[PDB]
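A.B. asks:
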Amino acid sequence: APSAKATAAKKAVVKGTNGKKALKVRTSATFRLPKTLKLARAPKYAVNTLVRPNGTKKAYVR
Amino acid sequence: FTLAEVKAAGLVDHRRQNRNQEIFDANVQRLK
Amino acid sequence: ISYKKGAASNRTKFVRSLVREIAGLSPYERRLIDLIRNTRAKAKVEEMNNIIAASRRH
Amino acid sequence: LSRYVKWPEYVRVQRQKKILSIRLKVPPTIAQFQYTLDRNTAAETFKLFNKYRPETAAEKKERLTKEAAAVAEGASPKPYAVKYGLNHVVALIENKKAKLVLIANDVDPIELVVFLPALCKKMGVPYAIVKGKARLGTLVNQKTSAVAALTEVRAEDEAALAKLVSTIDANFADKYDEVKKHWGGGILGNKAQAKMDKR
Amino acid sequence: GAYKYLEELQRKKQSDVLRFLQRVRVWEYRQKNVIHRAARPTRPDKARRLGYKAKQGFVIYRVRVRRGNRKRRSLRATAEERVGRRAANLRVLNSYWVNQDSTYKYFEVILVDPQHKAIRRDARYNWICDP
Amino acid sequence: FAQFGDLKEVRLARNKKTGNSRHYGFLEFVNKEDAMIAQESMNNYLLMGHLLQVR
Amino acid sequence: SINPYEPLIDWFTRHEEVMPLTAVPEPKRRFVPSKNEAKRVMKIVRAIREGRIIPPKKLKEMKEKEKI
Amino acid sequence: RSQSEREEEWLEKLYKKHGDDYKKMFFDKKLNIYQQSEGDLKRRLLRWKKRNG
Amino acid sequence: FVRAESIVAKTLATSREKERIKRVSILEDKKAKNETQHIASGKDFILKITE
RNA sequence: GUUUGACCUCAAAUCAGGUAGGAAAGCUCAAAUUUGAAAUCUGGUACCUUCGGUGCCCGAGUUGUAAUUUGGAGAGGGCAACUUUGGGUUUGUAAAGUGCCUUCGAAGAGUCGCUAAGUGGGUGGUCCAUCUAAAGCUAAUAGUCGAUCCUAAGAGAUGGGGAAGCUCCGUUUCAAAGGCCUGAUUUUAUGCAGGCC
RNA sequence: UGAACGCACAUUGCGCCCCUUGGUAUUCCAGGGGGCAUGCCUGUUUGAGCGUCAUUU
Numbered sequence: 002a003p004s005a006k007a008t009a010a011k012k013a014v015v016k017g018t019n020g021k022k023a024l025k026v027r028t029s030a031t032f033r034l035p036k037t038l039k040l041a042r043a044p045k046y047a110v111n112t113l114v115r116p117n118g119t120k121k122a123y124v125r
Numbered sequence: 075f076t077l078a079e080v081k082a083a084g085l097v098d099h100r101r102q103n104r105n106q107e108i109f110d111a112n113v114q115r116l117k
Numbered sequence: 026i027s028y029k030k031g032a033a034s035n036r037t038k039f040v041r042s043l044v045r046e047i048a049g050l051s052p053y054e055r056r057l058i059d060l061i062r063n081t082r083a084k085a086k087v088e089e090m091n092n093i094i095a096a097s098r099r100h
Numbered sequence: 046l047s048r049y050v051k052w053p054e055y056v057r058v059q060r061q062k063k064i065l066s067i068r069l070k071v072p073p074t075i076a077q078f079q080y081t082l083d084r085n086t087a088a089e090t091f092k093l094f095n096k097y098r099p100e101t102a103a104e105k106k107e108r109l110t111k112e113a114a115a116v117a118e119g125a126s127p128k129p130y131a132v133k134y135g136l137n138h139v140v141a142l143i144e145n146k147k148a149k150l151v152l153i154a155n156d157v158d159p160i161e162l163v164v165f166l167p168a169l170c171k172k173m174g175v176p177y178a179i180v181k182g183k184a185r186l187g188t189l190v191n192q193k194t195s196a197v198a199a200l201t202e203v204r205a206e207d208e209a210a211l212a213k214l215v216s217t218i219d220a221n222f223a224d225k226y227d228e229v230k231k232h233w234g235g236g237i238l239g240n241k242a243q244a245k246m247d248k249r
Numbered sequence: 002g003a004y005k006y007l008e009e010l011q012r013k014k015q016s017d018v019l020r021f022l023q024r025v026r027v028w029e030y031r032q033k034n035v036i037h038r039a040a041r042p043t044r045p046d047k048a049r050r051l052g053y054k055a056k057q058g059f060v061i062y063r064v065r066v067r068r069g070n071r072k073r096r097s098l099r100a101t102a103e104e105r106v107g108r109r110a111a112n113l114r115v116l117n118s119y120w121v122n123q124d125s126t127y128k129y130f131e132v133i134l135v136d137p138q139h140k141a142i143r144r145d146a147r148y149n150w151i152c153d154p
Numbered sequence: 111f112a113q114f115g116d117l118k119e120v121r122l123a124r125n126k127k128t129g130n131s132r133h134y135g136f137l138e139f140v141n142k143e144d145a146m147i148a149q150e151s152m153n154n155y156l157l158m159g160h161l162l163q164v165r
Numbered sequence: 236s237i238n239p240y241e242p243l244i245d246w247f248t249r250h251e252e253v254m255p256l257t258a259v260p261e262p263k264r265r266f267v268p269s270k271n272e273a274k275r276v277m278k279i280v281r282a283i284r285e286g287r288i289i290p291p292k293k294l295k296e297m298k299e300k301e302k303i
Numbered sequence: 175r176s177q178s179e180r181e182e183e184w185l186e187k188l189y190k191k192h193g194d195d196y197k198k199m200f201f202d203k204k205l206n207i208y209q210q211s212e213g214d215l216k217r218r219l220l221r222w223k224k225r226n227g
Numbered sequence: 055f056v057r058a059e060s061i062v063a064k065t066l067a068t069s070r071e072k073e074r075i076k077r078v079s080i081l082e083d084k085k086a087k088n089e090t091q092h093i094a095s096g097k098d099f100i101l102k103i104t105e
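Residue numbers (full-length UniProt numbering), protein chains in the order written: chain R, 2 to 47, 110 to 125; chain S, 75 to 85, 97 to 117; chain L, 26 to 63, 81 to 100; chain W, 46 to 119, 125 to 249; chain Y, 2 to 73, 96 to 154; chain Z, 111 to 165; chain X, 236 to 303; chain A, 175 to 227; chain C, 55 to 105.
So, in structure tokens, the structure goes:
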């Protein structure tokens, strides 16, 4: 039984009091592709009608 | 001309060697 | 003659032996070492014997 | 159902490799890279190595332009910096010029650095496996650097480098030289240790 | 230099280090696509020997091809041809062997981009830009 | 060293003619197994340019 | 009867090398100031003399005269 | 093939400090910044003297 | 957790500051009693710093 | 420090610029540190004398981009009172060449033959002869009637896999497969936080 | 129209984005102009991952 604070002191000397982790419990059921910035393009350089049997259009405009 | 032939002439095939004296002398004279 | 048959450099042998000591042994070489303790083939067995002798003392 | 859709394939493979890293029985040459410097020794090593950080492109250009402007109108000591680059440091080690060599432990083609601890020990060059290849690049002004080295040091820091070498010899070399040559990675999980070690 | 050590180490493919690395890497490869892009060469020394430069316009693709002469021709040729068909804007420079299974052989193919100015403006490599 | 456990005695070597550290000392823990932990974590500590020697 | 996980034996690295691997002579560029930097400095000098590069003093002068 | 201005100034300084003593110009740490052999110093100084007088 | 270096640094710096204060106090005591014979300086200087 | 930040891998954009479909002569890399200084390069931008140049800036790159070297060797030094010089005006103690002296002096592996070697190896000759592989370049009359819309049996892209390939299988499959809502503007000070299917 | 490129096509069918013009016109309708295929490369910007790390003066 090497006390209880001796183990903590050894861990702090060796590891350095940066162990604990922060994570979120409610995760998403399905992973989707995240939305990212979609920039716009910025280029560098640039009456009654009928069809007649002879292939033309005839329009009666009253 | 072998490297020895060119060197003996005062200044070309690197694969050929010199083993005959008459041919070496003839080539040296030809270079000169 | 050509350089390709000159000799083995000190650095070259050093590198080869260091890689030999680091990489380990292939399974058939482990089998050969086990057999020995209990032209290609001659060279391989001589290499194994050299490894054994170097592992013993030096 | 099919809940696997909560992880993309790359995340799943990325974690499967992590599991395989600790479950597989790794050979000693690859196992030695899990033994790195502790917090204090690593923090003290990067205090010396951060004082010899090479000049960036902008600083070097400014220094050269000042000299050029001085010349255009009308005897220096040798510089000191940390040596990097794999081939350069390897050439330094086998010439016995490096005083201390830091080797990163997370080189993705691990075979690029597997021979380095052995070469450093064989050639009598102090070495240390330092956790983080991105941290060695900060003192090099690169994103990553596989290795770093100290060949020459300013006379003010000569004692500090010797003390650091002795500290690494006591903390890293003499401490791990027996377990360095043992196969690692035989960690047993709870569901497996419960049924094998107990039974 | 460090490339001599890598070349001497890669000559022992059944040693503990390489056998372990290949066992892990072949499983990792089998999880990716048949033809995928490598971030960087797995054997940089072999890439340097075969003519690879760490500059813009040099690409590496990993490809796996099934083995055997039965069907219920070289494997390297098929691998290189599939890689070249995938990247039709590049020329297949070379390729080398990285891994193999009882089912697949794995190759890494070095390609060059002819349209990149880093390849067009240097005389040592602009020969491949000719049609 | 009180963070590694309860202490019972802490003494430091000094010069008699002038009070000045002799750079070594002794100290005793109430728990014997606390001394082992205090020794394993500070036996090669690089502090202020010194390699602490705890045994 | 064969251990597949036997500890590594350092039969080669246990003997320290006393002296370097090769006897290549030391180049003269490691003892004298840099030559590449000398050429680069002279190139910058030539660019300054042609007015292509404004010297840092003149640049410092131009940024204290407009931004008002 | 003519020398440059900076080389001429360097040879000026060498000649004015040592004269024709090439062994001292070889071992001078302030004027022979790029440590150069006695032969190179002699050749360049002879060219400078021939051009000037 | 309190690291050893923090404690050592605090002790060293506070020891330096304490000696500074003791020196200043002894000098002011010497000047107050008009015993300015073996003191470094007896003048009350003021330094004005301006950009 | 339950914080903050470096990298690594993998993604997306009608992102910037590109690319594919179809019909008689010899030489160059890799392999040995520029370490007294990544000396190297794409791109954006502004001017210019525009198949390009310069300045500035963001990046690539040390897990290696330049200079030097390729057995015909080659390299680092030293000595000749040795020889030579680019670009549309040259110049930098810059780049080379010849002779002699001195110190050094790498060499392509799932490859040769299941799987190697370094006075090694390949091929020939009745011990000798000859070359230097496993890298590369190189000339000679309709809003109102129907279609248009919807899905039916089925066919068939994408994801993925096979095949030398023309192409084939498989139809929701170990795919990052897309829409919507809320909020004093988001607590070390104005770089998006949370939620639903 | 065709390798044929917004999606389809045995239809001469169905969409989306930006700018601009005209009719009662901030909402409606129409006209005009310019864009929206895939694989790959280099770069830019925006991201995901308890993948590796560091994190007390």
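Just so you know, even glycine gets a beta-carbon here, dropped at the ideal spot from N, CA and C.
Output needed for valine 60 of chain Y: all residues of its chain with C-beta closer than 8 angstroms, excluding positions within five of it in sequence on either side, in chain order.
C.D. replies: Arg38, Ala110, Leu113, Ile133, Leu134, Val135, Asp136
A.B. asks: Chain A partners of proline 268 of chain X, CB-CB under 8 angstroms?
C.D. replies: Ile207, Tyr208
A.B. asks: State whether the region 139 to 150 of chain W contacts the region 174 to 182 of chain W, with contact taken as three or more CB pairs (one from each stretch) at a distance under 8 angstroms.
C.D. replies: yes
A.B. asks: Using only alpha-carbon positions, find the residue among X/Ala273, X/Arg287, X/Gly286 that is nearest to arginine 180 of chain A.
C.D. replies: X/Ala273
A.B. asks: DSSP three-state label for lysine 72 of chain Y, please.
C.D. replies: coil
A.B. asks: Could you give the C-beta distance for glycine 236 of chain W and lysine 70 of chain W, rounded to a whole number, given that I count them as a contact under 8 angstroms?
C.D. replies: 5 angstroms
A.B. asks: What does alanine 220 of chain W touch in chain Z if you count any residue whose Cβ is under 8 angstroms from its own?
C.D. replies: Chain Z residues near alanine 220 of chain W: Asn154, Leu161.
A.B. asks: So, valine 139 of chain W versus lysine 146 of chain W, is the Cβ gap smaller than 7 angstroms?
C.D. replies: no
A.B. asks: Is the region 33 to 45 of chain R touching the region 249 to 262 of chain X in the sense that three or more CB pairs, one from each, lie closer than 8 angstroms?
C.D. replies: no
A.B. asks: Closest Cβ-Cβ distance between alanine 96 of chain L and chain Y: below 7 angstroms?
C.D. replies: no
A.B. asks: Name the residue from Y/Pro154, Y/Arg24, Y/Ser118 whose alpha carbon lies nearest to the alpha carbon of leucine 98 of chain Y.
C.D. replies: Nearest C-alpha to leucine 98 of chain Y: Y/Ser118.
A.B. asks: Would you mind telling me which residues of chain W sit closer than 7 angstroms to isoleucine 283 of chain X, beta carbon to beta carbon, in chain order?
C.D. replies: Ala113, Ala114, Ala117
A.B. asks: DSSP state of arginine 65 of chain Y, grouped into three classes?
C.D. replies: strand
A.B. asks: With respect to the alpha helix (DSSP H) encompassing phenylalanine 200 of chain A, which residues constitute its N-terminal and C-terminal limits?
C.D. replies: 196 to 200
A.B. asks: Considering Cα atoms alone, identify which of Z/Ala145, Z/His133, Z/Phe114 is closest to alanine 123 of chain Z.
C.D. replies: Z/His133
A.B. asks: Counting only beta-carbon atoms, is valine 78 of chain C nearer than 7 angstroms to chain Z?
C.D. replies: Chain Z, which has no Cβ nearer than 7 angstroms to the Cβ of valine 78 of chain C, makes this no.
A.B. asks: Could you work out which residues of chain Z lie near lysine 213 of chain W, taking near to mean beta carbons separated by less than 9 angstroms?
C.D. replies: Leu156, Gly159, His160, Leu161
A.B. asks: Here's the rule: buried if 16 or more other CB atoms are within 10 angstroms of the residue's CB, otherwise exposed. What is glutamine 77 of chain W?
C.D. replies: buried
A.B. asks: Suppose the cutoff is 6 angstroms on Cβ atoms and the five residues either side in sequence are ignored; what does the same chain contact list for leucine 219 of chain A look like?
C.D. replies: Here the set comprises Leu185.
A.B. asks: Between which two residues does the alpha helix (DSSP H) holding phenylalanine 94 of chain W run?
C.D. replies: 84 to 94
A.B. asks: DSSP three-state call for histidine 250 of chain X: helix, strand or coil?
C.D. replies: coil
A.B. asks: Leaving out five residues on either side along the sequence, give the residues of the same chain with a beta carbon under 6 angstroms from the beta carbon of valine 164 of chain Z.
C.D. replies: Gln149, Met152, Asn153
A.B. asks: What is the DSSP secondary structure of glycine 135 of chain Z, reduced to helix, strand or coil?
C.D. replies: strand
A.B. asks: If the criterion is Cβ atoms closer than 7 angstroms, does the pair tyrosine 6 of chain Y and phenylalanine 165 of chain W meet it?
C.D. replies: The criterion of a C-beta distance shorter than 7 angstroms is satisfied by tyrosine 6 of chain Y and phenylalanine 165 of chain W.
A.B. asks: Is DSSP giving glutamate 131 of chain Y helix, strand or coil here?
C.D. replies: strand
A.B. asks: Output yes if chain W places a C-beta closer than 7 angstroms to the C-beta of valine 15 of chain R; else output no.
C.D. replies: yes
A.B. asks: Within the continuous alpha helix (DSSP H) that includes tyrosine 4 of chain Y, where are the two ends?
C.D. replies: 4 to 11
A.B. asks: Can you give me the Cβ contacts of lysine 47 of chain Y inside the same chain, cut-off strictly under 6 angstroms, excluding the 5 residues immediately before and after it?
C.D. replies: Answer for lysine 47 of chain Y: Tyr119, listed in chain order.
A.B. asks: Going by the CB atoms, is the gap between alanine 48 of chain L and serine 16 of chain Y shorter than 7 angstroms?
C.D. replies: yes
A.B. asks: Check whether chain L comes within 7 angstroms of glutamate 9 of chain Y, counting only Cβ atoms and requiring the distance to be less than that.
C.D. replies: yes
A.B. asks: Here's the rule: buried if 16 or more other CB atoms are within 10 angstroms of the residue's CB, otherwise exposed. What is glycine 96 of chain C?
C.D. replies: exposed
A.B. asks: For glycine 2 of chain Y versus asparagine 95 of chain W, is the C-beta distance shorter than 7 angstroms?
C.D. replies: no
A.B. asks: What are the boundary residues of the alpha helix (DSSP H) that includes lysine 81 of chain S?
C.D. replies: 77 to 82
A.B. asks: Would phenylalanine 99 of chain C count as contacting chain R if we go by Cβ distances under 7 angstroms?
C.D. replies: no
A.B. asks: Taking only beta carbons into account, state which residues of the region 21 to 44 of chain R come closer than 8 angstroms to chain Z, listed in chain order.
C.D. replies: none
A.B. asks: Taking the alpha carbon of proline 239 of chain X as the reference point, which residue from W/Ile67, W/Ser47, W/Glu89, W/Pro72 has its own alpha carbon closest?
C.D. replies: W/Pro72
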